[PDB]
Each structure stands twice: as C-alpha cells, then as structure tokens.
4 protein chains.
Amino acid sequence: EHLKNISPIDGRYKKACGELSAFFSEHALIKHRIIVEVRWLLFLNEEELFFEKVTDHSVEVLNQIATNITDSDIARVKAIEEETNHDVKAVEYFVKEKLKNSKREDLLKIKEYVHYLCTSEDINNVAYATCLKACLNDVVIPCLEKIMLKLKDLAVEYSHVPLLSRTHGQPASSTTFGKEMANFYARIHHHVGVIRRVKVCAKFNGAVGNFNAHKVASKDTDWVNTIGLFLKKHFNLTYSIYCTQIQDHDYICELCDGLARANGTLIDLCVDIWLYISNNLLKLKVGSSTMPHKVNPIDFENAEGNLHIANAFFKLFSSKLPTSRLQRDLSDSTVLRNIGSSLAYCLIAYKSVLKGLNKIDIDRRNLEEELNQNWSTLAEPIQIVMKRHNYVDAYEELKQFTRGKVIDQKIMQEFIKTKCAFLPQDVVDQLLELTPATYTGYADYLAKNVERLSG
Amino acid sequence: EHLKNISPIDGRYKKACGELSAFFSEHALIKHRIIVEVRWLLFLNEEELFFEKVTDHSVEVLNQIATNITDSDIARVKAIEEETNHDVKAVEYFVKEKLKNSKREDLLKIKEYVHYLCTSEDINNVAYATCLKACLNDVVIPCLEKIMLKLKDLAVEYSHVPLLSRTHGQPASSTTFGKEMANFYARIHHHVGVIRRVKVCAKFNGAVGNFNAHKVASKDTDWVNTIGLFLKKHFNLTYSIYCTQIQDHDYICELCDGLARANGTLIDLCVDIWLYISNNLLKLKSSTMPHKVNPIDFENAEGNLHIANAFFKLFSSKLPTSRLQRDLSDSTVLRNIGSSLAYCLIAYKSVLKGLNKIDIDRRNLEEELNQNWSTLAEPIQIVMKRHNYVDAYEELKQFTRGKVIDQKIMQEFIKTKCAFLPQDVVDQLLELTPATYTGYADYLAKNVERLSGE
Amino acid sequence: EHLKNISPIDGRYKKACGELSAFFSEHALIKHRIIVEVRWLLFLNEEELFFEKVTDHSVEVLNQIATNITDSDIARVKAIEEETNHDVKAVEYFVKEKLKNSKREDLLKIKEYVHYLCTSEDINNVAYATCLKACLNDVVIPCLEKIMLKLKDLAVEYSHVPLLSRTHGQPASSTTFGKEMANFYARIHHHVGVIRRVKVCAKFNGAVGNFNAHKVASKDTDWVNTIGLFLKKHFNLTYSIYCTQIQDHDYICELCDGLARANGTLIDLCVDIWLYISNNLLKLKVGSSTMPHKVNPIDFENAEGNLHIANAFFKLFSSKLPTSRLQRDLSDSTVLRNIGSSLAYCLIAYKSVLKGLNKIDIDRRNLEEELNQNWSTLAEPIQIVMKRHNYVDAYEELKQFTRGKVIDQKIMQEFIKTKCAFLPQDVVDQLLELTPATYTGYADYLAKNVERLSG
Amino acid sequence: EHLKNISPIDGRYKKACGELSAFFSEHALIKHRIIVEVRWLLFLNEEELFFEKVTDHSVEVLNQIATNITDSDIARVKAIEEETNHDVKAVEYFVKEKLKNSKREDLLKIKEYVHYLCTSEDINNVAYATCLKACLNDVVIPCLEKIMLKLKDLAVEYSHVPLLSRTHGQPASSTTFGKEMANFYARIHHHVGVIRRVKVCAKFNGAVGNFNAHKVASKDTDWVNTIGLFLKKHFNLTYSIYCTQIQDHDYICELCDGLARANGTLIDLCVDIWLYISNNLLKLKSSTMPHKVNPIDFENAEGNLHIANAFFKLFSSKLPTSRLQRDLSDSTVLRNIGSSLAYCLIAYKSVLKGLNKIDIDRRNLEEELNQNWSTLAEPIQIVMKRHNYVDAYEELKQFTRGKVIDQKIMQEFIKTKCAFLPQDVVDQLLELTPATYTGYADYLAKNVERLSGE
Ligand SMILES: Nc1ncnc2c1ncn2[C@@H]1O[C@H](COP(=O)(O)O)[C@@H](O)[C@H]1O
Ligand SMILES: Nc1ncnc2c1ncn2[C@@H]1O[C@H](COP(=O)(O)O)[C@@H](O)[C@H]1O
Ligand SMILES: Nc1ncnc2c1ncn2[C@@H]1O[C@H](COP(=O)(O)O)[C@@H](O)[C@H]1O
Ligand SMILES: Nc1ncnc2c1ncn2[C@@H]1O[C@H](COP(=O)(O)O)[C@@H](O)[C@H]1O
Ligand SMILES: [Ca+2]
Ligand SMILES: [Ca+2]
C-alpha cells in the first residue's frame, strides 16, 4: 500500500530508491532543520555573543535534541505546523519546548535565543545544502562511480574483441567492443569530476541578506567572519556571502546540469547497447510473454525512460531556480521539495543501467560473421597505402573497379592482387593479410589503457 | 510516516491530491488491468467466437473477479510478479487462478482464454485510457472549472472597480479589477473547451497491431469492427485502428499540451495577483512582522504549475517516439502521468485557496488613480483630433515641457488649449478622471461568460 | 554572402526556406503593418464614424498605398525608425506622409485619422495573425500534406511486402512495409486536422484592451460589434474580444504545440527509416568520402536535427508567450520575431523528409532472408491454435520442447508435426503452411485501406 | 535587404551581432576548414612522416592558401559542393586545386596527402573548437564582463542608498540599491569563472576514432602523442583522446549550461530592474503619453535570454547522444551555435544599454521607506530579547492589535513598552528609521569585488 502512492518513486520503485528518504523527505527536512537550529544555539553558546556559557552538561542536553530525533518529534512538528501554517516556525517552537521541558535552569534562560537573528531561509538553506552534499557524496555519485567501474571493466575485458563500426547506421572501419565502452567510461569519468568540483554553498544572513538584526544586536561583531566560521565549523560548508532572503541556488543548478550531462551520456550508452543487442552482437543472461527464448534489454529501456525524467526535473531547476522576484518570492520553496524526486529518478536509472550491464555478454560468432561479410570497409586502408606509394586518385580507381559489382572479400582481394601489384611485395602481402576483424587501429591499446589515458 | 516519502505528492501534499490514487498508482493500474482482462473474456463469451456462452451464474462469477478487487488481490498480483518480472503476465496468472478456484465447470473450461489473442499493451492502453479519461472528467477538469467559476464571480463582483493599468510596469489607461479577472476567465474557458474536445483513444490489436493471432484464430471475423464494438460497449472508448505493439500516445500529448497551456495562463494570473498585492491594491483575508500577510497560495501554485509543465513537456517530446514496433522506454514514463496531474491539482487547489482570500483595497485603488492624471493624455488628444486639430500630441508635449504632469496641469491644458471645442465637449473633458476613463471594462467584465466565445 | 549570415536559415539553408520571407522578415512585418493601417482608415471611411466619405478616386489612392509597397517604402520606414526608436510609430508617419504627398484634398483632411484610436499592438497582432495564417495555409501545412501523401503512396505501394517486426529491437510477429508507413500517415493525418482547426484570433481594442479612447470618441458606437466587423470583413479573422494591450497569444501556442506533435511523429519516422536502412531492408537511390558504394540516409538525419530545433522554439513559445506582466511587458515582442525561424526549421526538415522518402526502395531479398531466419516468431499462432482446441499450458509445452535448442524452421515444424498432431489434419496442414512471411495478420488490408480507415 | 532575412539575427538585430559572422557563418566554417587542412599538411611536412620537407618557399606558398582566403575562395568551395553534396570533401578538392595550380614541383608531389588519414569530423571539430574558443574569449565573455563591470560600478556608486526590501512582494527590512546590484555582480562573476574554466577539447583520430588508417600508414608512430602535438602546436587545443567518428561534444554542453546559468541570473536582474522602475524607485535617462519612458532595453534582453536558453537546453539534451559510431543529426544542430551566441550578444548589449540609462529616484526611495515603519518590528524584538524579554513578538502584536502600524505607533511602543532597556539602548532604538536599518548592505555593496569569491 505504498502501492497506493501516486509517485512511482514511492510506489513501484520504492525498493530501488528508499535510501534517499534519509536525505529528502519531509521527515528528513524537519530533522535537519532541528539540527541546524540546535547547532546555531550551540555556536551562540561557544561564542558567548549574548549570554555566558551554559554548563557542560546543559551543552550535552542541548546536543541530544539534535542527535536523538524520533518519529514522534516529527509528528510534533507537524502538529504545531497545523497551528502556525509555517513549517520553520513550527521547528522553533519545537526546540524551545524541548528546552522548556528540560531540567536545566541555564537552558530555560537561553531558550529565547532559539532562531535568534535568523530568517527561516537561514535554517532551510543549510538543511538543503547538507542533505544535498551528503546525498551526492554518499549515494548518488557512488552509484555513478559503480557504472564507471563496470564500463572500465568492460573496456579492459573486451578490449581486443573486434566489432564492425556503424556510421549513419552503416558499415565503417572496425573498432572493438572494449573501445566503445572505454569511450563511455572516459565521458562519465569527466562528468563525475566536474560534479565533485562544484562547491556546495550556504548562507546565514537574516531577513534580507544584510545582517540587519545582527548589526543592531551586536554592533562590534564582524558577522561575515562569524557566519563563515559557523558554517565551516558546524557544517563543513562554503559560505556564499551575497544573498537576499534566499541563497541564490546557483550551486544546485550547477550540480543538476552536471548530473544532466552524465545522464545524457548514459542515455547514449542505453541506446547503443539496445542497438548492439538488436543486431545480435551482444546477448543477455536469462522474458517475452509469447516467445519462449526471447530475452529483451528491458533494464536499458527502463533506464532510458528514467534518465529522461530525471533530466526534465534538472532542466526545470536550472530554468526556474535562478529567478526570484526582488528579495524573494516563495515559488522556489515547493520546487526545491522535488530535488529528492530528481535524484530518485537518477538512482532508479543508474541501478537499472548496472543491472543491464551485468547481464551482457558478447556474441563472438555473430561479431565475427558480420565483420567477415563487410570487406568493403577495407577501401580506406588500401587507398591510404596506394597514396603512400604515389598513386593518384586511389578512390576513383577502386570506384571504377567495383562499378556494377557487389563488393565482397574476393573483389577486394582481387583489387589488391591486380591493381596494387606495383607496391613492394611485402606491402602487397600485408594488404592481403588485412581483414575487417584485424583492421581495428589502436582500439585495443586505447580500450585497455583508458584509466590512464582518459583526461 | 507518509512523511518519509521522497515525492512531495505522496508526502507534504498527500492531503491535496490523494483522490488521484484511485486513477493513478500501481494499485489502480493493477486493478484496471484485472478489469480489462475480465471484460475481454466477458466479451468473448457474449460473442461466442471460441466457445459457447457459459452459464448465467458463471458470467456473474466472472464479473465479480472485476467488481470486487481488494488489497489482498493486489498483493497477490505483486507476489506473482516477483516470479515473472512481468507485470501484465502476473495479472493473466491472477485472473486464471481466480477462475481455477471458482468452483464452476464452464469457467475451468474457458480460463485458458484469459488474455486470448492479446498483447500486454492491449490491456495497458485501455487501462490508461479509461483512468486518464475518468480522472480528467471527474477530478482535474472540474477543479479547473472551479477556478473558472471563481474568476467569473470576481469579474462580476468587481466589474466596476477602477484600476490603474500598467504597461511595461508603468501607468496606462484605466481598467477595472473585474475586467482583468475576466481576461483570465476567457482564456481558461477556451483551454478547458479544447481539452474536453480531445478524443481519448485506445486499441486492442495483438502483438504488433495487425491482428496476426486473431486472423489465424478466426479467419472470418471482421476484427476491426469487433474491436470497435468491444471498446465502445465495454469502455465507451474511441478506437484508434492504427498502431504497432503500442497505442501511438498522441492523444496523451494533446491533453498534456492543453493542460500545459491552461497552466501557463494560471501562472500569468498567479504573478499578476502577486503584483497587485505587492502594489497594495488587493488585500488578503510573517514570522517577524505582526500584521504582514503574504500571497503564499499563489506562490505555491506558481511553483507547482512549473513542475506540472516540466512533465507535460517531457511527455509531449518523448511519448511520440518509439523505436520500430516499440521500445519499452515509454512504460516507465507513462507511470508519471498521475504525478503530472497531482502537480496540477495541488496548484489548482492553491489558486482556489488564494482567490478566496482576495479583497480589493478601494482607498489604494482610488488614491493611485488620482495621482496618475497623465493617463488622460490620449482621450484629450483623441477629442482634439475629432474636431480637426493637427499634431495634438506635440501640443500637449509643448505645454507640459519641463513640468511634472498632474491634475492641475491636465485640466489647465483642457481649459486653455481645448477651449475651441464645443462647450459640452469641453465640459465632458473636464469631468473625466483617471478613475472614470475605463472604456467598456465594466461592460466586458460583467458580460464575459456571455462573450468569451468557444 | 548570404554565406556570411549567422543563422543557417538565412545562410546554408536559404534556398530551402526563402519562400518564408514574404510572411516573416522585418520587410514583411513592415509591409503588413502598412496594410493594416491602410485598411483601418478604409474602414473608418466605409463606416463614416468620424468624417464623411472621401471621393471614389481618393479611396483607390488610399488603397494603392497598401497594394503597392516597394523596397524603398521599407527603407523609408527604417529611416523614420532611426528617429522614433518605435517601429509602429514609424509606419504611422509613413502612411501620413504618403497621404500628405498625395494630390488629394479629402485625403489631406483624413490623414490625421491614421492609427486613430489604436495602440501599436492593434496593428502588430493583425499583421502577425494574417501572416501566420497565410504561411501555414499556403506553405507549411501543404508541405506537411505532401509528406502525408507520400506516406499514403508508400502504404499502398508496399502494403503486401512482408517485414519482420521488432519490439525491444528484437524479432516479433511480421508486419508489412506498407503497414508501418500507414501508421505514420494516420498520425500525420490526425495532426494536420487538429492544426487546421485552431482558429487564428485577432483583436483591435486600444491601449489596454477596453476601448477607452473609442468610447470617448464615439459613445454610441458598439465597438465590440464594429471591430468584429472590421476583422471579419478586412482580414477574414476571428475576433478574440478579451485582451490587455496584447492579444493573449494562446492560438499561437496551440498551433505551435500542434506542429510540435507532428514533428515528434516525423522524428519517430526519421529514426525508424534510419533503422530499416541500418538493417539493410531499405535501400537508397544514389556518398561516403572513403567507401565507393556507401550511400547514407543523410536526408533523414538532417531532418531529425531540424525537427528537434523547430521543437525547441515551439516549446519556448508555449512556455513564455502565455505570460506577460499586468496589462503587458514587452518581452513578447522579440520572441514573436522568431515565429518565422521556427517555421523555417519545420520547412527545412519537411523538405529533407520528402527528399529522403523519394530515395527509398525496399530490398526484397534482404526482407525475405531475414523473415526466413526468424521462425521463432511463429510461437504465438501455434499456441493460439493449440488453445483453441483445448490444449492447456501451450507456452510451457513449446518451452519444454525447445529447451537447449537453437530455434529454427526445422524445430518449429517438428513441433507442429509431433506435438500438434492431435489437431484436425486440415488445421495441422495450415500450421505447416504458415511462414514468418505469411504470418502478417491484416497488415495488407490495413495498409491499403488507411485513407478510409484512419480516424 | 538584410530586411528580407527570416531570422532576426541576420535581420533586425544584424547590427548588434554582426561581429559573430567571423566565428559562425558558413563562410567562417569554410574558411576554418581550409585552415585546418593546410595546417595538417604543414604538420605532416614538419614531421616528415610520409615525404621529405618541401622547399622553404613551398611552405610559404602552402601557408598562404590558409592566410589569404577570400570571398572568391568561398564561392569556389560552394561551387564544388553542388557537385559533391559533401561540404568537407569540397574543401579537400579546393586545397588540392590550389596546390595543383601553385607552380611548385614539390607541392604537386604532396597534394595527394591533403586530408591524409583524416575523417571529415577531424576537420569539423577542430574548426568548431577554435571558432567557439575564440568567439567566447574575444566577444562573448568580454561582453558579460562589461555587464559585471557596470553592476560593480552601480554597487559602489549606490552602496549607501537605502531601499525598502520586498519579500513576497511586500515590505521587509531595508537594503540598499548598490547591495541589490552587488548580489547580481557576485553571481555573474561566479558564472564567468566557471565558463572560463571549461577546457575546449578537440580530436583528430580518423574514421571511427581508432587511428585505423594511421596505424596501417605508419605502424611505428605514437599517434596519441603526435596528435597531442598537432593540436597543441597548431591550434593551442586540449586533446580529448577518446572519440568515435565524432568528438563527444560534452565540452560544448558544459559551456552552454554555464552560459544558460549566467542568462538565468540576467533574467532575474532584468525583471527586478523592471519591478524597481514600476515602483518608481529608479528612473530612466510611449506613442501616446508625452513623458512616459519604458524599460524596453531590459524587456528585449529578457526575451532574448529566454531564446538563447532554448538553444542551450537543446544542445545539452541532443548533442550527447549519437547512434553508435555516429549519426549525422548533430551536424545541422551544431550550425546553430552561432545563433545561440547571437541571442546572448543581443541580450547582453540590451542589458548594457538599459543599465546605462539607470538613475535612482531618491525622493521616492526615501518616501517609501518613511511610510514603512512596520519593518522595525524585528530590531525592536531583537533588542528586547537581548535584555531578557520573553515573547517580544506577542507583546508587539498585542500592542498593535486593531491599529494601522505607522511611525507614531512604533515609537510609542519603544518609549512605553521598551523603557526597561538601558537609556542609551532606548535612545538608539528611537533614532532608528527604516532608512537607517540597512545592516551591512553598504559595506557588502562596496566590498563586492573584494568579497564575492571564486
Ligand atoms: N519568508 C519565508 N521564508 C521561508 N519560508 C516561509 C516564508 N514565508 C512563509 N514560509 C513558509 O514556507 C512554507 C512553504 O510551503 P510550500 O509552498 O508548500 O513549499 C510554508 O509553511 C510557509 O508558511
Ligand atoms: N512487450 C511488452 N509490453 C508490455 N509490457 C512489457 C513488455 N515486455 C516486458 N514488459 C514488462 O513491462 C514492465 C516494464 O516495467 P517499467 O520499466 O518499470 O515500466 C516489466 O514488468 C516488463 O517485464
Ligand atoms: N507599448 C508598445 N507596444 C508595441 N510596441 C512598442 C510599445 N512600446 C515600445 N514599442 C516598440 O516595440 C519595438 C520592440 O522592439 P524589439 O524588442 O526589438 O522587438 C520597439 O520599436 C519599441 O519602441
Ligand atoms: N560521415 C560524415 N562526417 C561529416 N560530414 C559528413 C559525413 N557524411 C556526410 N557528411 C556531409 O555533412 C553535411 C551535412 O549537412 P547538414 O545536414 O546540412 O549539416 C553534408 O554535406 C554531408 O554530405
Ligand atoms: Ca541488423
Ligand atoms: Ca508600487
């Protein structure tokens, strides 16, 4: 009866993406807001800006509010939100309540300083930044790196296996299966590196970004330095100093754009794998409800759909998050509640990709037969050699010779024997030893050396 | 506990969109697939194409597999699916086992005909078609029609209330608040009419759309006509004859495009109401300021309409393409139709909540109009021209050079520069104010239902 | 040196789309604005709202301003626009000038009534509506209907030609080449009908949509009825009564969405044709710069790109045109100047599709060999017949029999002979006459009857 | 006559973006392809991989094919293309015929090596890479940097000018005009830094990316290292080793995404300036009203930034996918990179034109602040709390119940409800006004270049 859920995220695919609810769910949002509030009061206590330090034990009681958050804690916040119709204000009340309800006298004194000087977005943006960072570092990017590792394994394992290339869908100079996978490794590797280099930013600046309240409360405090310390020490966050009521969200747009480019590469992979399978060059480990031996690339297909959905959210984010009327409009708040959904679609797709990739094997006989039926792809190296030995208009010579004939091995090798005999005999012999399977350039070297040679 | 859900659809906003799960959830899809399977067998029984009509009571027993589907039945399908890793197959197995266990001879006889001649998409597309049609007809469009009704109520109630227009954000010829709401009514009315006219289509054509199986099974049956009947009689659906393994989905794209255009109009409305409120011209029925009331319903709507539209653009771009006789990437995409409509419903309910908080601020409306006498420049020029004056604009410009234009200056222009006019015309110009220069705004606002057209 | 143009529309592809400049170019916009201004004054003359009718000859002199618009007329408008920095105001001045510069005394009287009561958007929206309507009716939809006719011709011509279907890329029950093309006909036919049914709307309502000026000028005139007459009589346009300073643009969004769905179907076509060619089932009329007999589906590929570009504009339009702050912001004006570009990308793509489709022929031998190597697709009709004669678990019987075997003709027909012998012998004989080429259902009937049977 | 062009890029806005045609037009692409071909042959000559170094003067003659390309040369390539229907092939033919006609023996000898070992995309991708890099470095980014400079000039000049903030469109704690411009400066500075750090990549790897031809032609050459050298020495480009027939285009997507994020920030700015102007707080340096001046530069920018972003979203979604070792659908898409940057340039030039019309309206700024004393609710509560007051919000709410909050009421609250405060603190509260309650807005605005970070 998670089966009665409308979103396939919380419905059909909940098993695939459930680990995300610790980062993104209203429960996790409430939890992290409580933590941010508690950490702020702990920092005010540390700094003694407004009161003398509470007792060592009162500090641990203050801590425990943030380190032991229960389901009932969450229900309590929701209960209060029914009164307030303000979700962050409900958390202030909750934290003050737990302080009132504590034994401690010093804690009863300092409870009025909960949320002191803050605006709601001070709490929210840190909650989101810490959840997003931890989600990507602990769940989403590791899943991407698993796909990357499997592509590298495939690149090395099949580095030598000749494969007929297709440009415009049609036969072209050979590659190897390893090399084609190496190409996807190299791109995913680059995408992961760009994404990991985006800095997750936060701010803590009050009503409109200017420390208005803070300046009145404590005129000799350098609030820019004090907040930078707060965010670094309590959250390991970079501080984006310039903001209105909202953090600008540009780092979210950067991350999402990065993930969206990764997703594009993965869609490219999914469709190529589908096409290799269509052409019977790859086989899948055991399907069709009517044909007993038919096995379909349904993991790649499911992945392709969910990568497109993830990218829809990601385009929405980068398009709408950067704009907010004056010192803010609230339309960004609901949009941001869908960051979790966007990364769920990524995770569903990435896990399907992994499942698909682990099912594939090469079909050597089919790979070989295709290559041996596509001798026309040897046109270029014959011309290249002819030209190296001063032949003029090599392509026209081959064109003339093959005119009105169906090009095959016999014709290509007759062309070498009777039209290239002017070459040194060792060069002629090497032309005669070339096959579409052996004309693969440095595909094998490049495939097995991709870890080292990719930028 | 729904608080641990990742999607805001099933978490924070569950209350606002929960009525959608009867149409769109895996439970709803399972339920409707079972119904399609049962009705196909009922139809084969009616038609006697492959066996003689079963007993009257056996057709009652068959129908009850469809008319009493429980959470238990749903969990059973899911259980079978762990084995099959094929969802529709798991429904075939389920209907068969209900038939095996029925304690009816003639039903044991016909159970091998469950899903006879069908492909899974025959079942899926009818299930989606009926769910989407019912959802729009019963939940989604009536919610849009409630916004329409409120906009028309606002248009009538405030038809006569003058409002300083703004073009490029700056003062322009007056309108009325009711008229500005009538504009949105006329557009939503048009959109709803377009959406209602989209024909919901379905197919039931076997593996690849060609009745391959059907033709072998019963070579003298006119299957085009038989399926037309099946779809109309059992589901009240329009038959789209041409298909591959999949129904083309073009009608879904059309409905989605239509919804997205209505959403764009509603975004236009949300931002304008926000601007009127910002300019203190409307009032509404803040954690720091004691008397501050913010347009948070309209802001929430605005955000959720953008989200619905992201899905809608996705559907319209990806649904139309499928590799050859189909690739399966559409299956997972279609599972998001309910989410897209949940964003709509959340947004529409926020609009309704916001519109019901609206009141005019008459004093601020009047004060603004009374400080924007420069907007009477055009009617003064219009009337000068009517009485054969040449370059009326340059004359007014000449007169106001270096002056800050206000009431005194504009009425001085009329009295001293327009005195050549008939005195009755002079007198009418001198009675004009920005609040009375509203053209047929009041007329158009009151008559919008009657004049908005199709 | 149209080759120095930045847009490929006015550069590389100008030959393909040049007929559009009569509808959409700054030249055409100026031209149609002049016509709208002249027609308004003609209507004021007809109606005698503000002056007694000019002389019969003065009417023809007034007409000739709109029916003889030259390149120098256009340069003159631009010259004036350098002064005004207002493009419509420059047209008012131009029309007044031509009236001043006319002989006529009555025309010298009425020239002050040029643009009388109008706002600039009154002129613009009618200019755009008439250009858009005429462009779609005369150029864009006829090109689409040409593709539709070619698909119908292909559907009928090849209605009988058996073709191995592929679902998930893999073998499935047969169809015919005609039938697959018939499917595209049926969708394009539906799209064209939806698009032709959108009503092109216009308005003519002054500053803010309310007839403010008009009501003061002529209090007893029913302006709603008078404008409806003006738009019908002078332009054959539907009147959208409700507007601000701008016509709402919703009909443009409807048309563009319609074209975008058509484009999606055509992208589906382009990729399917590419895949049939990849699989050597279709051949192209005569390529590769290195392989002498290679001919690539470059027309389909070029079409696929330009359909995506057209759809980018179309998504932009439906997303941004519906919103405009209060009684308008001007950001819609520049957006609308790209309607022409959007339809140029459509026309480039549609002409490439036509060029590609006229190059295709079937490759019967390849079509036949593939079918005859895919006997596994006969699994379903064997099971269907077994079941009709009371066999239980037919699929499992076939599965058991083929276990560990490579399914081929011999195995499938041995299954019929030795596992289906319980069937009436006439049914057994019909099973034994079935081939993948003859198992095509009613594909042939449906393909040749698509004109009549499509909805 | 350019007035007959369909695209506004080459029609109405030709003047604003014409400098782009040197980077992006078919003429520019033809020109750069010729240059790549010539430099490859020059490189084979330097390396002596297939023939001995030609004569000193023959290398001068070869280089001049590249350094003096004319309109005539371009028309010649086009002429050849009518025959070939292959654009790069037409360039091979052109360079060869320049060589055949050169009147040099050693050049007649080596002309068969034009395009040796290459695929057309070897030539195309280097041509695009160099054009895109130069365009961004020389035209596009410097135009963004001019907006940055102006925003910083505004931030400094108006650092101290108080401005009533608006959250949800309604009064909030003050800021300053310079501070609100500093916010945009900091974001554009960040975006420009990201865009500048994208590495422009190229390849030169033959038919399918594997040096198939190269390996057969010269089996002992380290081609990975040789091409690295070619690309760095002749074009100053980074080598992306891994490719199919096509370069992957990922770096184009990254640049485009970066530009699109800068565009979103500039859209945010255009709408905010429009809102400030609407609220009469800024003034600018109408066919009907004689004194009306509209923000048409910002409105034009807003529209063209949406257009640039439509292309950018297109590129990022379609460029990354290519069927197998490539499909040709990317070719026609890449021809639109120049158009996308022309929309950017048009928009950036409109922003610059608008920002240069800006002045503050001090009286209207001051008057608004002086009518919004309710915004001092927070600092009053903050200070009460600091001196141990409990539920300060409820106290102020209690006091203002049923009252329209104004200066008199707020100062009465301080004098009668906050009198328990130290008198110096009371005195400071009584000296606060909404115009002086601006926190560190002035400080942050003046220090933005120094504090915006990377
Ligand atoms: N200025 C503000 N900053 C942050 N949150 C706010 C602000 N004003 C109201 N809210 C609350 O933000 C939440 C927005 O909910 P939603 O639109 O569903 O994301 C509600 O609980 C609002 O009361
Ligand atoms: N040809 C088919 N038609 C319809 N459904 C299918 C087909 N092949 C597989 N399926 C099933 O459809 C479901 C796709 O799931 P998802 O990708 O999560 O939408 C899986 O249960 C597949 O086994
Ligand atoms: N209220 C208005 N209605 C229509 N056009 C206007 C208006 N105000 C200014 N314009 C002009 O519209 C044109 C817009 O140019 P662009 O932004 O390049 O499309 C300019 O010539 C402006 O002067
Ligand atoms: N494999 C290829 N690589 C690069 N260009 C090609 C290839 N095959 C064909 N072309 C040419 O690229 C151009 C594509 O033009 P367009 O579709 O207008 O961008 C045509 O001149 C084609 O002949
Ligand atoms: Ca194949
Ligand atoms: Ca205002």
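So you know, we letter chains A, B, ... as the sequences are listed, proteins then strands, and number each from 1. Because only heavy atoms are used, hydrogens play no part in the values below, and waters and symmetry mates are left out as well, while side chains stay in.
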Check the pair A:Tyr442 / D:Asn212 against side-chain contact (heavy atoms from CB on, under 4.5 Å), numbers first and verdict last.
CA-CA 7 Å; A:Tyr442 287 105; D:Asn212 306 230; over 6 Å; no
Spatial distance of atom CD1 (A:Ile267) from atom NZ (D:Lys318) [nearest 0.5 Å]
10.5 Å
Scanning both residues in full, the closest heavy-atom pair of A:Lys315 with D:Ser317 reads NZ-CB, 4.4 Å
Flag side-chain contact, heavy atom, 4.5 Å: A:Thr167 against D:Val208:
yes
Do A:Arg187 and D:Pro320 have side chains that approach each other closer than 4.5 Å (heavy atoms only, starting at C-beta)?
yes
By a 4.5 Å heavy-atom criterion (distance strictly below it), what part of D:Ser173 contacts chain A: side chain, backbone, both, or neither?
both
Taking the side chain as C-beta and beyond, is there a heavy-atom pair between D:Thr265 and A:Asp250 under 4.5 Å?
yes
Out of D:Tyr437, D:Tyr276, D:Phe211, return the one with the most heavy atom pairs under 4.5 angstrom to chain A.
D:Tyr437
Side chain, backbone, both or neither: which part of D:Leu319 has an atom under 4.5 Å from a heavy atom of chain A?
neither
Check whether any side-chain heavy atom of D:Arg323 sits under 4.5 Å from a side-chain heavy atom of A:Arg166, and report yes or no.
no
Checking heavy atoms, do the side chain of D:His214, its backbone, both or neither come under 4.5 Å from chain A?
neither
Ion pair check, A:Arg261 and D:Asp257, cut-off under 4.0 Å
yes
So for D:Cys201, is it side chain, backbone, both, or neither that comes closer than 4.5 Å to the heavy atoms of chain A?
neither
Mind checking the CD-CG spacing from A:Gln170 to D:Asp327? Nearest 0.5 Å is all I need.
12.5 Å
Which region of D:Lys199, side chain (C-beta onward) or backbone (N, CA, C, O), has a non-hydrogen atom less than 4.5 Å from a non-hydrogen atom of chain A, or is it both or neither?
neither
Could you tell me whether the side chain of A:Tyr242 and the main chain of D:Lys179 form a donor-acceptor pair under 3.5 Å?
no
Determine whether D:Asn183 and A:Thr244 satisfy the following criterion, side-chain contact (heavy atoms from CB on, under 4.5 Å), listing intermediate values before the conclusion.
CA-CA 8 Å; D:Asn183 296 337; A:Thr244 56; 3.7 Å; yes
Heavy-atom cut-off 4.5 Å, strictly under: side chain, backbone, both or neither for D:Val224 against chain A?
side chain
So which part of A:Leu446 gets closer than 4.5 Å to some heavy atom of chain D, the side chain, the backbone, both or neither?
both
What is the distance from atom CD1 of D:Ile241 to atom OG of A:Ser454, rounded to the nearest 0.5 Å?
8.5 Å
May I ask you to test the A:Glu254-D:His190 pair for a side-chain heavy-atom distance under 4.5 Å?
yes
Would you call D:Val271 and A:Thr323 a side-chain contact if the rule is heavy atoms closer than 4.5 Å?
no
So do the side chains of D:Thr438 and A:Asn210 get within less than 4.5 Å of each other, counting heavy atoms only?
no
With sequence neighbours excluded, what pairs up with A:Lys96 under the salt bridge (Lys or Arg N to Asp or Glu O under 4.0 Å) test?
A:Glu112
Where does D:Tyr185 contact chain A at under 4.5 Å (heavy atoms): side chain, backbone, both or neither?
neither
Indicate the atoms forming the closest heavy-atom contact of D:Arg386 with A:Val216, along with that distance.
NH1-O, 3.5 Å
Rounded at 0.5 Å granularity, tell me how far CG in A:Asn390 sits from CZ in D:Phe50.
13.0 Å
Bottom line for D:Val198: the part with an atom under 4.5 Å from chain A's heavy atoms is neither
Between A:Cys118 and D:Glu378, which heavy-atom pair has the shortest distance, and what is it?
O-OE2, 4.2 Å
Chain A contact via D:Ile382 - side chain, backbone, both or neither, heavy atoms under 4.5 Å:
both
Could you look at A:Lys387 and say if it's the side chain, the backbone, both or neither that has a heavy atom under 4.5 Å from chain D?
both
From the list D:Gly264, D:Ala186, D:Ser165, D:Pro379, the residue making the most non-hydrogen contacts under 4.5 Å with chain A is D:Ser165
If one checks every heavy atom of D:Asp272 against chain A at 4.5 Å, the contacting part turns out to be both
